[PDB]
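Undergrad: Sending over a structure as structure tokens; questions will come in a sec.
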Amino acid sequence: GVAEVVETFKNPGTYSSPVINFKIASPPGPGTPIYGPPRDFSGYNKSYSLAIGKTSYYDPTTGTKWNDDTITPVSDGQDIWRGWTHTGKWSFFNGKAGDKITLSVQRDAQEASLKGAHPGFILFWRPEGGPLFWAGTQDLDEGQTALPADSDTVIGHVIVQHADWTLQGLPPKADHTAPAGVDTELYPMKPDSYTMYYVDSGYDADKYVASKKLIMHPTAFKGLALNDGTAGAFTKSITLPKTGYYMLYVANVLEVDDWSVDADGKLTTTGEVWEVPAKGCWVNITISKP
Ligand SMILES: [Ca+2]
Ligand SMILES: [Cu+2]
Ligand SMILES: [Hg+2]
């Protein structure tokens with residue numbers, strides 16, 4: 251591994267390369283929007299707070315699973331539920347090859363004792379070096395010549411958490427470029443495709459109640475479990491493999507007594523750990539150096 255998941259563009263569609271926003275902080279509602287500052291962690295020792303949806307990270311409500319064909323036995327890599335792109339929250343940073351940093355997500359100071367959050371993340375590298383405008387994708391098909399402020403494209407509405415992610419069949423694009431340094435044999439710049447290269451991912455595996463279980467796959471994400479004895483938080487050391495622009499996705503794993511997905515793919519749970527206030531589930535992402 252890692253697996254590579256290859257999507258086929260379709261607009262309207264799940265894999266329509268929709269735009270994400272780096273300020274939106276309010277929970278999966280509307281609800282009435284809350285926007286904060288853009289979550290740029292460039293320079294590091296930055297920290298931002300925002301709300302994450304109940305099952306966003308490993309999300310049966312997506313009705314979508316993928317499978318990871320790089321796991322032996324392949325049985326162990328199947329029916330991996332996707333995360334939701336838009337009930338997670340997106341951030342970015344610019345950085346340098348070899349940069350040694352530490353990512354921490356934990357319950358927000360003001361929710362410090364409410365049980366619920368089991369944050370996880372995915373970190374991607376975008377060899378294009380910056381936000382990617384692509385005309386004819388979902389939210390850029392109305393004559394736009396640029397991305398809206400504080401926004402960027404991602405492949406689709408339901409995301410893979412342990413794979414390189416490729417979109418193919420895009421409206422032909424003559425200016426799909428990378429900067430001078432990028433090895434375009436390893437990281438090709440296609441007229442009709444782009445890839446989000448996997449960097450790292452993990453989630454908080456510490457339960458609030460040892461008898462309970464996480465809405466999480468039995469085996470496929472074994473390498474991604476993060477255990478530190480503290481429910482509601484994880485920390486992770488990350489060395490940046492490349493110079494340039496990184497895209498960070500953070501979302502939530504839900505703890506339950508039991509859960510089930512019925513024939514019509516409806517999600518049911520019992521005994522949810524979810525003591526979450528009117529304002530929603532708030533976490534704080536900090537990237538520090540070191
Ligand atoms: Ca933990
Ligand atoms: Cu979405
Ligand atoms: Hg919560």
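For the UniProt record's numbering, count along the sequence shown from 1 and bump the result up by 250.
Quick reminder that beta carbons are idealized off the backbone N, C-alpha and C, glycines included.
Could you tell me the alpha carbon to alpha carbon distance between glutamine 418 and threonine 489, rounded to whole angstroms?
TA: Near 29 Å, if we compare the C-alpha coordinates of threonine 489 and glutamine 418.
Undergrad: What first and last residue would you give for the beta strand (DSSP E) that runs through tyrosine 495?
TA: Run containing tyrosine 495: 494-502, per the beta strand (DSSP E) assignment.
Undergrad: So, is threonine 434 buried or exposed, given that buried needs 16 or more other C-beta atoms within 10 angstroms?
TA: Result: exposed.
Undergrad: May I ask whether a heavy atom of ligand 1 can be found less than 8 Å away from the beta carbon of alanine 455?
TA: Yes, ligand 1 has a heavy atom inside 8 Å of this Cβ.
Undergrad: Please list, following the chain, all residues that have a C-beta closer than 7 Å to any non-hydrogen atom of ligand 2.
TA: Those satisfying the condition are, in chain order, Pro268, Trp334, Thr335, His336 and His407.
Undergrad: Going by C-alpha to C-alpha distance, which of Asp478, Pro438 and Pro422 sits closest to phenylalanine 383?
TA: The option with the nearest alpha carbon to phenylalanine 383 is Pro422.
Undergrad: Pick out whichever of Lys516, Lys462 and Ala528 has its Cα sitting closest to the Cα of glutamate 505.
TA: Measuring from the Cα of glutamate 505, the nearest candidate turns out to be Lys462.
Undergrad: Out of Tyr294, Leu373 and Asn344, point me to the one whose CA is closest to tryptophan 415's CA.
TA: It is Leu373 whose Cα lies nearest to the Cα of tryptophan 415.
Undergrad: In or out: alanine 460 buried (at least 16 other Cβ within 10 Å) or exposed?
TA: Exposed is the call here.
Undergrad: Could you check the C-alpha separation between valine 256 and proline 287 for me, to the nearest Å?
TA: If you take the alpha carbons of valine 256 and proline 287, they lie about 33 Å apart.
Undergrad: Rounding to the nearest angstrom, what Cα-Cα distance links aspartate 358 and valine 410 in this structure?
TA: Taking the straight line joining both Cα atoms gives about 26 Å.
Undergrad: Return the chain-ordered list of same chain residues with a C-beta closer than 7 Å to the C-beta of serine 443, the five sequence neighbours on each side being excluded.
TA: Taken in chain order, the residues that qualify are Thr416, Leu417, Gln418 and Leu420.
Undergrad: Please report the straight-line C-alpha distance between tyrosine 447 and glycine 393, rounded to a whole angstrom.
TA: Answer to the nearest angstrom: the Cα atoms are 29 Å apart.
Undergrad: Does the count of Cβ pairs from the region 290-301 and the region 338-351 closer than 8 Å reach three?
TA: Yes, they touch.
Undergrad: Does the distance from the C-beta atom of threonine 480 to that of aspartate 450 stay below 9 Å?
TA: No, they are not a contact pair.
Undergrad: For ligand 3, is there a heavy atom less than 8 Å away from the beta-carbon of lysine 365?
TA: Checking every heavy atom of ligand 3 against the Cβ of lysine 365, one is found closer than 8 Å.
Undergrad: Kindly indicate which residue of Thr395, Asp402, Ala362 and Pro369 has the alpha-carbon position closest to the one of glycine 379.
TA: Here the closest residue by C-alpha is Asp402.
Undergrad: Taking 8 Å as the cut-off, is the beta-carbon of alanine 362 closer than that to any non-hydrogen atom of ligand 1?
TA: Incorrect: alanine 362 has no Cβ contact closer than 8 Å to ligand 1.
Undergrad: Measuring from the CB of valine 526, is there a heavy atom of ligand 3 at a distance below 8 Å?
TA: Answer for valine 526: yes, Cβ within range of ligand 3.
Undergrad: Note down, in chain order, each residue of its chain lying with its Cβ closer than 7 Å to the Cβ of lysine 260, except the 5 sequence neighbours on either side.
TA: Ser266.
Undergrad: Ordered along the chain, which non-local residues of its own chain (more than five positions away) have a Cβ less than 8 Å from that of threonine 493?
TA: Cβ within range, chain order: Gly345, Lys346, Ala347 and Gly431.
Undergrad: Enumerate in chain order the residues of its own chain whose CB-to-CB distance from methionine 439 is below 7 Å, with the five nearest sequence positions on each side excluded.
TA: Result list for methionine 439: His426, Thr427 and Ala428, in chain order.
Undergrad: Is it buried or exposed, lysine 304, if we count other Cβ atoms within 10 angstroms and call 16 or more buried?
TA: Buried, by the Cβ-count rule.
Undergrad: Going by C-alpha to C-alpha distance, which of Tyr307, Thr395 and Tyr496 sits closest to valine 408?
TA: Closest by alpha carbon: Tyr307.
Undergrad: So what does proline 369 bridge to, in DSSP terms?
TA: DSSP output for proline 369 lists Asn502 as bridge partner(s).
Undergrad: Along the beta strand (DSSP E) that carries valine 404, what are the first and last residues, could you check?
TA: No beta strand (DSSP E) holds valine 404; DSSP gives it neither H nor E.
Undergrad: When DSSP labels each residue in this structure, what does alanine 359 get in the three-state scheme?
TA: Note: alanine 359 maps to helix in three-state DSSP.
Undergrad: Enumerate in chain order the residues of its own chain whose CB-to-CB distance from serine 297 is below 8 Å, with the five nearest sequence positions on each side excluded.
TA: The answer, listed in chain order, is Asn534, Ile535, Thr536 and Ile537.
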